[PDB]
Amino acid sequence: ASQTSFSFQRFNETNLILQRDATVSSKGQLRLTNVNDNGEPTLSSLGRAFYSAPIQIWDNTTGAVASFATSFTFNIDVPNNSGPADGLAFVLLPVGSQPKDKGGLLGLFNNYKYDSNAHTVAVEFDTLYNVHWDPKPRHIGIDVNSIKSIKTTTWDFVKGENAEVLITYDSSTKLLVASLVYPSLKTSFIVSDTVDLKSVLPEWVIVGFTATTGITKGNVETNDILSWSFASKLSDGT
Amino acid sequence: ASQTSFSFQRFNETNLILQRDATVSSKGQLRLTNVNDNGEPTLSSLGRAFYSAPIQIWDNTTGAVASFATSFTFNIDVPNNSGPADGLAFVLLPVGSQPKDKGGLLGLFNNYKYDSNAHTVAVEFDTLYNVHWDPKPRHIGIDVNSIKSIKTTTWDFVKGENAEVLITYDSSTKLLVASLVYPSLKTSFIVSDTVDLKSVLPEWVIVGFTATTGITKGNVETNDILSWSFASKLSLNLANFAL
Amino acid sequence: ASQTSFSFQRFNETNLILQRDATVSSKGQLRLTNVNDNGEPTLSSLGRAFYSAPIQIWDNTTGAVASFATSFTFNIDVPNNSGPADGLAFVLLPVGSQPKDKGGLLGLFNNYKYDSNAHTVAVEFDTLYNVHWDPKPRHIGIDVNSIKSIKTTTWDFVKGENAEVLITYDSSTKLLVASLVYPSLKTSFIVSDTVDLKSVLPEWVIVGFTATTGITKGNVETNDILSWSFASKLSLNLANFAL
Amino acid sequence: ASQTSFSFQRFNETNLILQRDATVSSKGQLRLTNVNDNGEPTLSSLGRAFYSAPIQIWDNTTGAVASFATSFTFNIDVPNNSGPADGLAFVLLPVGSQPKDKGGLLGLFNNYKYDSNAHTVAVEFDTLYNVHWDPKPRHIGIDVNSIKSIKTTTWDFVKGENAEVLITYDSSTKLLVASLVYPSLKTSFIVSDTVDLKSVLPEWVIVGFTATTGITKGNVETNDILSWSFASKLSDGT
Ligand SMILES: CC(=O)N[C@H]1[C@H](O[C@H]2[C@@H](O)[C@H](O)[C@@H](CO)O[C@@H]2O)O[C@H](CO)[C@@H](O)[C@@H]1O
Ligand SMILES: CC(=O)N[C@H]1[C@H](O[C@H]2[C@@H](O)[C@H](O)[C@@H](CO)O[C@@H]2O)O[C@H](CO)[C@@H](O)[C@@H]1O
Ligand SMILES: CC(=O)N[C@H]1[C@H](O[C@H]2[C@@H](O)[C@H](O)[C@@H](CO)O[C@@H]2O)O[C@H](CO)[C@@H](O)[C@@H]1O
Ligand SMILES: CC(=O)N[C@H]1[C@H](O[C@H]2[C@@H](O)[C@H](O)[C@@H](CO)O[C@@H]2O)O[C@H](CO)[C@@H](O)[C@@H]1O
Ligand SMILES: *[C@@H]1O[C@H](CO)[C@@H](O)[C@H](O)[C@H]1NC(C)=O
Ligand SMILES: *[C@@H]1O[C@H](CO)[C@@H](O)[C@H](O)[C@H]1NC(C)=O
Ligand SMILES: *[C@@H]1O[C@H](CO)[C@@H](O)[C@H](O)[C@H]1NC(C)=O
Ligand SMILES: *[C@@H]1O[C@H](CO)[C@@H](O)[C@H](O)[C@H]1NC(C)=O
Ligand SMILES: [Ca+2]
Ligand SMILES: [Ca+2]
Ligand SMILES: [Ca+2]
Ligand SMILES: [Ca+2]
Ligand SMILES: [Mn+2]
Ligand SMILES: [Mn+2]
Ligand SMILES: [Mn+2]
Ligand SMILES: [Mn+2]
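## A closer look at the overall build of chain B
In step 1: Secondary structure summary: chain B contains two helices and 16 strands in total.
In step 2: Its C-alpha radius of gyration of 17 Å places chain B within 12% of the 18 Å reference for a compact globule of 243 residues.
In step 3: Reported as C-alpha extents along the three principal axes, the dimensions of chain B are approximately 55 × 40 × 35 Å.
In step 4: Buried residues in chain B amount to 60% of all 243 residues.

Encoded structure:
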């Protein structure tokens, strides 16, 4: 009986917390990583954006854990004669969280080891194979306190096509499910694993996105969020 | 303009149209196919169950088509020294529709040929390979006027495990998406394809389920619905719905 | 456990149970009482309209009672050199209920005496003073098994102005609240009282409307429903509902 | 198609902006004005509390105006041998708004004249007659840029009884409606007037409450919010 819900088809900076390169465009697109005046994404970009209100994920008195779901449309595009990098992620982080390392660490980590004090749960849409931890194919991944996903599924990434994502968390089964569909291509992908939010996250978090572009010439992308809905519910006992 | 929503964690016959073998158990479960007096599914069973109010899927005056979503939990169980058959489906059908042939035709069809006047959109959960039309592995299928799915994905069926399904239809993209998760196994499956509702279905439909048991000894299953939510809008927020 | 919600900005007969004179106009309006071929309401008319699916209001196993809310826009208009009669009501009634006596009994009652087997909870919008039971001024009333309201408030009725109604029932406090606003006049009215649903209504009900025209020359009105939303929950967020 | 919704049966300070004397108690009650360790409210108190995310009320490009609704339960109680003062209000204010004068000005105004730059829309629950502007009976009032309500209705205030309020705004009719019911007493009250949000408010606002206690001995109250739900919807055009 704590409940929060929002849904935006267009964005504005007034109710968002924007970090580093993240901007809202004059078309109300949330552009997580830098794009120049020619409309070309640039290298070594990092941006993160969050809803301005913190969200209660669990409660240390009752032991209750929230159920949540989020949907969003994103557009990742690539200039001709480049390949994509590095990707974007929906995230749950500590209130006051600041950006970490760029590139393949997605602004979320400092290295590729597990860190039980990272307090990070993310669903990544990873467009670049990082030899020290990634599966080879592009992938949707569930990340808990590491850039090395606890679970992944192959994602047949296609540049410039709008991708519609749904992520759900059921606190009774502890199941986190992420799916992506490309409506114009009629293709769909799904990954699922259990996550113990209560052991990983603080009681309150900020929710939103992080994204990076490649550090090396020829590996680059736009990372645009086009719409976002979020809902959470945390039982209080009446 | 029009919105409809319902959600049941337990079922009752009062607001449901039950057909053939479909019963509401005394524990509030929707048993679509017959279980005997001991707790065993029986062969050749067919049952269909629908919400008692018709849903408007599209409008010929405005041309608008509904978006909808549905979620349900189901339990398919199989007796020992037996295999599963034949599966269950969520369906959209014309008002007043009657059960068709049982078995692998799921109470929805007379034959395995394409029938352009069947007016059927269904998402099937197929537990038995029918050599004449099915893919070999167990599958989730999107059925449009035919038992031969327009698209399927592999489903790693496991007996007696609760399965959670989400089906969504986006009228702006004409995309129908169906996913199933087994929460205790942490496995997940998704299939997607476009369906033009306006040329397949009448303007008003009934929504619900159909299921069958196998007709041949050793091929049988329970087809139980444990909970069901539906929403439609005709002129969806999926984060809100899934919650 | 159980939740039901619907919202219509335009009506269609397909999902409605229409009774006596109640028609859906070709412009999607729910005309509860008869209008002639020219656009004039006629005397002695009675019409009732219900959502086609039964709603569960309470459960005898658990003891739980539903909370619900409903909102609707209505237009009561009156011809020149005439006064209004007899009004319209939102009702909860047993499944299969038939119209009762017309006129000031609103199609809900046979007489003006308390009937403990009428199984009726209604919110009336009363346009005609019935000397034997009504307060003198026009009123909103909460009717429980009787046409003599358990509670009323003064309603400054104005002909042909759209009226927006909100009715809520909180099962935890047993409180039923009804309010009406005239947006173009900026006037508002509210009445509240407790109703014990569990001892008045069956476990399953039909929700909808009833209306009547006056039986005596010069007392007549249109009773039109322009839009309708309903929600119930059986184990409400009113900020969400009203929006 | 911008939509925001929240509903809390218990409060926590983490997602609220609290000003001056406002606190959240260990029972998760939002206590807008000061209460001492004996549970007695004190004089000359002022507190305000807001949801931490700003809410978009209108849009200067499309001219669209939001529809909203809010419900809340409040408890105003009075020690024996005092009378109540001064009351509480649900408010829509500029982002960054700071408290104004205490007592009968409810933390919202500096005097009792109209001020077209106050950017204030409030629904007041006024428990003390202020001779220079109030109607004599206690009242629910609609306030637009003045402590002198544009419209009022008599409120039969009863100390210590939970009051359930619903406030709705329809941007198509511009009608603001406020109602209060006391469920244990079965009584109910309603006020309605039109308000042009676009001429009064900035495009984005903070939503929440303000309350004060009397400045003069014998005029005092608790001003506790017990639950709160809010929803708004602003058309974007798809
Ligand atoms: C080792 C590796 O993964 N190299 C790829 C490189 O990755 C960058 C940086 O993004 C990574 O976070 C760190 C991991 O320590 O390594 C490098 O510094 O990104 C390139 C594209 O920009 C790839 O071509 C390399 O394969
Ligand atoms: C040909 C075939 O599919 N045989 C399988 C059989 O199918 C039944 C029935 O279920 C089908 O609907 C019709 C299709 O015309 O054929 C048969 O009568 O079901 C058996 C289990 O019940 C399978 O083992 C057969 O392979
Ligand atoms: C006695 C009375 O109420 N007379 C009014 C009359 O009422 C009709 C009918 O509407 C009532 O239901 C029954 C109650 O027994 O009495 C009459 O038959 O309606 C007239 C307008 O139609 C009023 O002017 C009478 O005052
Ligand atoms: C003049 C008046 O209203 N006096 C009442 C007094 O009001 C305070 C303060 O609360 C008001 O905002 C200002 C208006 O200029 O006047 C006074 O300073 O509050 C008393 C209770 O504390 C009442 O008894 C007075 O009637
Ligand atoms: C966001 O809103 C404010 C108006 O409050 C405006 O100043 C700003 O330019 C807006 N940005 C966009 C992209 O709409
Ligand atoms: C269905 O509802 C009726 C009450 O109207 C009741 O007799 C029956 O027990 C209900 N079924 C279940 C499974 O609860
Ligand atoms: C009711 O629905 C049917 C389509 O099934 C249509 O023929 C009729 O025009 C509809 N009524 C209105 C008022 O639109
Ligand atoms: C609010 O939440 C935080 C836990 O994140 C806690 O420190 C604080 O004491 C809480 N207050 C109440 C009243 O629950
Ligand atoms: Ca990578
Ligand atoms: Ca088959
Ligand atoms: Ca009357
Ligand atoms: Ca005052
Ligand atoms: Mn990866
Ligand atoms: Mn099949
Ligand atoms: Mn009456
Ligand atoms: Mn006042």
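From this point, the narrative continues.
## Describing the interface of chain B and chain A
Where interface size is quoted, it is often the accessible area lost as the parts come together.
In step 1: In this assembly, 25 residues from chain B lie in contact with 32 residues from chain A.
In step 2: For the pair chain B and chain A, the summed buried surface comes to about 1,900 Å²; carbon and sulfur atoms form 64% of the total.
In step 3: Together, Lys186, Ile190 and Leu243 of chain B form the three largest contributors to the area buried by chain B at its contact with chain A, with a combined 32%.
In step 4: Looking at the side of chain B that touches chain A, the elements that each hand over two or more residues are strand 12 (163-170), strand 13 (175-182), strand 14 (187-194) and helix 2 (238-242) of chain B.
In step 5: Per-element tally for the side of chain B that touches chain A: the top contributor is strand 14 of chain B, with eight residues.
In step 6: Each residue belonging to the side of chain B that touches chain A can be placed in one class, and the counts come to twelve nonpolar, eight polar and five charged.

## Quick word on the site of ligand 1
All names here are of chain A.
In step 1: Around ligand 1, a shell composed of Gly103, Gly104, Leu105, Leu128, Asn130, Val131, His132, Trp133, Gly214, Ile215, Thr216 and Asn219 is seen.
In step 2: The contact in question runs from an oxygen atom of ligand 1 to an N or O atom on the side chain of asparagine 130, over 3.1 Å.
In step 3: When the free accessible area of ligand 1 is taken as 530 Å², the share hidden by the protein chains comes to 65%.
In step 4: Per-class residue counts for the shell around ligand 1 are five nonpolar, seven polar and no charged.

## Comments concerning the interface of chain C and chain D
In step 1: Tallying the contact residues gives 25 residues for chain C and 32 residues for chain D.
In step 2: Taken together, the two surfaces of chain C and chain D that pack against each other cover about 1,900 Å², and 64% of this comes from carbon and sulfur.
In step 3: By the criterion of area lost to chain D, the three top residues of chain C are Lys186, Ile190 and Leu243 of chain C, representing 32% of everything that side buries.
In step 4: Put simply, chain C and chain D have nine residue pairs in polar contact between them.
In step 5: A per-element tally of the side of chain C that touches chain D places strand 14 (residues 187-194) of chain C first, with eight residues.
In step 6: Here the residues of the side of chain C that touches chain D sort into twelve nonpolar, eight polar and five charged.

## Comments concerning the site of ligand 5
In step 1: The full set of residues close to ligand 5 is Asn12, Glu13, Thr14, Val24 and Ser25 of chain A together with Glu203 and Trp204 of chain D.
In step 2: Positioned at a junction of chains, ligand 5 has nearby residues supplied by chains A and D.
In step 3: Between ligand 5 and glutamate 13 of chain A, the relevant distance is 3.3 Å, taken from a nitrogen atom to a side-chain nitrogen or oxygen of the residue.
In step 4: Separating an oxygen atom of ligand 5 from a side-chain N or O atom of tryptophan 204 of chain D is a distance of 3.5 Å.
In step 5: For ligand 5, whose accessible area on its own is 370 Å², the fraction buried by protein is 54%.
In step 6: Across the shell around ligand 5, the residue classes tally to two nonpolar, three polar and two charged.

## Structural notes on the coordination of the calcium ion (ligand 10)
Angles at a metal have ideal values that depend on geometry: 109.5 degrees with four tetrahedral donors, 90 or 180 degrees with six octahedral donors.
Residues and elements named next belong to chain B.
In step 1: On the protein side, the calcium ion (ligand 10) has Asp126 (OD), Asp126 (OD), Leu128 (O), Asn130 (OD1) and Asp134 (OD) as donor atoms, found 2.3 to 2.4 Å from it.
In step 2: One chain supplies every donor for the calcium ion (ligand 10), spaced along it as D-x1-L-x1-N-x3-D.
In step 3: On the basis of relative accessibility, which here comes to 3%, the residue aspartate 126 falls in the buried class.

## A look at the coordination of the calcium ion (ligand 12)
All names here are of chain D.
In step 1: The protein atoms that coordinate the calcium ion (ligand 12) are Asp126 (OD), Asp126 (OD), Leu128 (O), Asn130 (OD1) and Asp134 (OD), at distances of 2.3 to 2.4 Å.
In step 2: Mapping the donors of the calcium ion (ligand 12) onto the primary sequence gives the spacing D-x1-L-x1-N-x3-D.
In step 3: Separating the calcium ion (ligand 12) from the manganese ion (ligand 16) is a distance of 4.1 Å, and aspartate 126 supplies a donor atom to each of them. Considered together, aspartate 126 and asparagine 130 belong to a single accessibility category, that of buried residues.

## A closer look at the pairing of strand 16 (residues 224-234) of chain D
All names here are of chain D.
In step 1: Most of strand 16 sits out of view: ten of its eleven residues are buried.
In step 2: Relative to strand 16, strand 1 (residues 2-8) runs antiparallel, the two being bridged by seven bridges. By the bridge assignment, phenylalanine 6 is partnered in strand 16 with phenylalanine 230.
In step 3: In terms of strand pairing, strand 4 (residues 30-31) meets strand 16 through two bridges, oriented antiparallel.

## Section: the environment of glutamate 164 of chain A
In step 1: Here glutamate 164 of chain A lies in strand 12 (residues 163-170).
In step 2: You can call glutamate 164 of chain A partly exposed: its relative accessible area is 27%.
In step 3: For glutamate 164 of chain A and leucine 180 of chain A, which are 16 residues apart along the polypeptide, the C-alpha to C-alpha distance reads 5.6 Å.
In step 4: Leave out the neighbours within four places in its chain, and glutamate 164 of chain A touches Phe72, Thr73, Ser179, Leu180, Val181 and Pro183 of chain A together with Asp170 of chain B.

## As for the packing of aromatic side chains
In step 1: Evaluated as defined, the whole model comprises 78 aromatic pairs over all chains.
In step 2: Between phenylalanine 68 of chain A and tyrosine 169 of chain A, the ring centres sit 5.7 Å apart and the planes meet at 20°, which makes this aromatic pair stacked. Of this pair, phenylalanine 68 of chain A sits in strand 7 (residues 67-75) while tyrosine 169 of chain A sits in strand 12, and the two are 101 residues apart along the sequence.
In step 3: Looking at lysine 113 of chain B, its charged tip hangs above the ring of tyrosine 112 of chain B, at a distance of 5.8 Å from the centre.

## As for the UniProt feature "domain: Legume lectin" (unreviewed entry) in chain A
In step 1: Mapped onto this structure's residue numbering, the UniProt feature "domain: Legume lectin" (unreviewed entry) falls at residues 4-236 of chain A.
In step 2: Secondary structure content for residues 4-236 of chain A is 2% helix and 43% strand, and the end C-alpha separation is 13 Å.

## Concerning the side chain of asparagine 223 of chain B
All names here are of chain B.
In step 1: Tracing the backbone shows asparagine 223 in strand 16 (residues 222-234).
In step 2: Among the polar contacts listed, one links the side chain of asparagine 223 to the backbone oxygen of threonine 212, at a separation of 3.1 Å.
In step 3: Among residues more than four places away in sequence, those in contact with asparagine 223 are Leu30, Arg31, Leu32, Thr33, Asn75, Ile76, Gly87, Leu88, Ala211, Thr212 and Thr213.

Scoring rules and cut-offs
Residues numbered from 1 in each chain as written, not as in the entry; some residues may be left out. Chains lettered and ligands numbered in written order. Heavy atoms only, no water. Helix = DSSP H or I, 4+ residues; strand = E, 2+ residues; numbered from the N terminus. Rg over C-alpha atoms; globule rule 2.2 N^0.38 Å. Buried < 20%, exposed > 50% of the residue type's maximum accessible area, 1.4 Å probe, protein only. Contact = heavy atoms within 4.5 Å. Buried area = accessible area lost by both parts, 1.4 Å probe. Nonpolar A, V, L, I, M, F, W, Y, C, P; charged D, E, K, R; others polar. Near = heavy atom within 4 Å. Polar contact = N/O pair within 3.5 Å; in protein donor to acceptor, adjacent residues only side chain to side chain. Areas by Shrake-Rupley, 256 points an atom, 1.4 Å probe, with all protein chains shown as cover. Donors = N, O, S within 2.8 Å, 3.2 Å for Na, K, Ca; no water. Pairing = 2+ DSSP bridges. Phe/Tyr/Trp six-rings, centres within 6.5 Å; stacked < 30°, edge-to-face > 60°. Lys NZ or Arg CZ within 6 Å of the ring centre and 35° of its normal. UniProt positions renumbered as here; feature names shortened; annotations may be inferred.

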